[PDB]
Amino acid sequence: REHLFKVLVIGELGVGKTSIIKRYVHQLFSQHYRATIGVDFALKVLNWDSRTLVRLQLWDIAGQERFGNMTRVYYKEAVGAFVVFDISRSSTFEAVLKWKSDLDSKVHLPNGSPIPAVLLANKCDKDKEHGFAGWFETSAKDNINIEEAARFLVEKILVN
């Protein structure tokens, strides 16, 4: 009845990773999210169906976004991933493969298969097979496809 899924949100700096989490978890959007002392990750609870409750942990890569290397204490036990880039910047889309490759080197399904990974084309208000289970044109400012991309990821996680 109750499931706990840890999902990583990775990508380059300034693409909307923190904003996407804040929009989906807290229905909030802004350009400056100040820092406090409170949590190690975000939580979203979903009434997936009448017989299933899904607790979704959203781990913002945060301070590790400028360096692009993943530590075990961050990625351990991950079952899904969002790879986010900015469509208004060409260089941010280039490093999607560098994040996807680093992701594929650290975490994996119990059977060895790659974890479900969704590509997020953020700032959509303003295909190639590399291992992604899907893709969505999301917008943290306009709240577009962010909720669909989460259910799309949770569905692929529940398939396994």
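Note that residue numbering follows the sequence shown and begins at 1.
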Next on the checklist: Checking chain continuity here. Are there deposited residues lacking coordinates between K126 and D127, and if so is it 1 to 3, 4 to 9, or 10 or more (or none)?
Outcome noted: 10 or more
Next on the checklist: Which is higher on mean Cα B factor in this entry, 21-29 or 8-16?
Outcome noted: 8-16
Checklist entry - If you average the Cα B factors in the entry, which is higher, 84-92 or 69-77? => result 84-92
Checklist entry - Of the options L56, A62, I37, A133, which has the highest CA B factor as deposited? => result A133
Item to check | Assigned third (lowest, middle, highest) for the C-alpha B factor of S101 | outcome: highest
Checklist outcome for this item: Quick tally, chain-level thirds of C-alpha B-factors: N122 sits in the middle
Next on the checklist: Quick check for you: using the entry's CA B-factors within this chain, is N111 in the lowest, middle or highest third?
Outcome noted: highest
